[PDB]
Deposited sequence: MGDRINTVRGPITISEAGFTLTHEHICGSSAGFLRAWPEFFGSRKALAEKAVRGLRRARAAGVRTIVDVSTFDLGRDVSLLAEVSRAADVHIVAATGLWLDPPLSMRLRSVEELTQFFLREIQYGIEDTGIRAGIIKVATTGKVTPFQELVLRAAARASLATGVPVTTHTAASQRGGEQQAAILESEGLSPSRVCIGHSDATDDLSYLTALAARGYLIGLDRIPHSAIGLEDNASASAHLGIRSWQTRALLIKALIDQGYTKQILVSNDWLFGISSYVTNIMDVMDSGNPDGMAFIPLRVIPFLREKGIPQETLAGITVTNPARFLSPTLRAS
């Protein structure tokens, strides 16, 4: 109940501390980092940049990140373990599928996909023994037949293991409502689910209604506006004011290299947000305190809500 899986092994949830629940070391494609590391300068250069960035985040307060990179985002859990250790920042790895499944994933059934997700949660990723601590799913605004299979497999895996589900969403298409209906149709409890990229919208009724059902709300792309970001942050305040503090999760959706986008967008992002993953502790947290948000409510959001979210719970 009280044990989380990280790339360095099992920890107790009290050690997780302050947690960023939607991040990436590298946004890529399956096999790509190993086949073409010099797209990132080199693998060594990429690991060093992530270590520097994670160390700055740790200085600013962060203890744990959740790397929500799936198989098809090029998750390299060996890289995650190397940089977690050098930075001394906990990293939770993910299973699931994002928006770029290859044929060998697109053609699988819900049962087969369920077995794959259970493999990565219960046995380990590839040949590393590193077990995922969260399931990441991505859908387009209107859920495709394959993405619905992914959703159902995520729910079945989450129910067999208690590990949570976190989603990629088109918030401006109310993407979370269709995901929730599918997930609930599988008997998945909403307190096991986080509707992500939920800060890309003004629709507070959309945001407030999912929280009331028990969903976690991911305001995980605040710094991306800064390429205003306080309008996005003010959604955290708006939700606290409606009484849904136990339902907010905040993050940067940052990364230190990206190949699944046009070339050189990493440098435009870094010179737009020099703070990287430190943006949440350094710029958002004090902005919220300076609107009268109690220090204690923030610790609940940045520490307590992620701990409740990640604890394997058959409930």
| query | finding |
| --- | --- |
| Deposited residues absent from the coordinates (by C-alpha) | 1, 229-243, 332-333 |
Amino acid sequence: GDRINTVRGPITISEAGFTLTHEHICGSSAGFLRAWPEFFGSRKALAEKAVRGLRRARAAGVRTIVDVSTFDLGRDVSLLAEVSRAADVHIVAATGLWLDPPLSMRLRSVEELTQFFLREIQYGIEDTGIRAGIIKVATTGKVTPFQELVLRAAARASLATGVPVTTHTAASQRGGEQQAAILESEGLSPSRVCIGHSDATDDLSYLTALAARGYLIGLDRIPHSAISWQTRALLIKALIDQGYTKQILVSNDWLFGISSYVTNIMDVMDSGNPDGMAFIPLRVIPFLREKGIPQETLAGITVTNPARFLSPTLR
From here on, numbers count along this sequence of modelled residues.
| property | result |
| --- | --- |
| Mean temperature factor over C-alpha atoms, higher-scoring stretch between 89-97 and 237-245 | 237-245 |
| Stretch with the greater mean C-alpha B-factor as recorded in the entry, comparing 68-76 against 165-173 | 165-173 |
| C-alpha B-factor winner, where the candidates are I121, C194, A200, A81 | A200 |
| Options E290, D253, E38, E48 - largest CA temperature factor per the record | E290 |
| Relative C-alpha B-factor of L54, binned into the chain's lowest, middle or highest third | middle |
| Among modelled residues of the same chain, the CA temperature factor third for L314 | highest |
| Modelled-residue ranking by C-alpha temperature factor, third containing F116 | lowest |
| Third of the chain, ranked by Cα B-factor, where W229 sits | highest |
| Chain-wide C-alpha B factor ranking for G187, given as lowest, middle or highest third | highest |
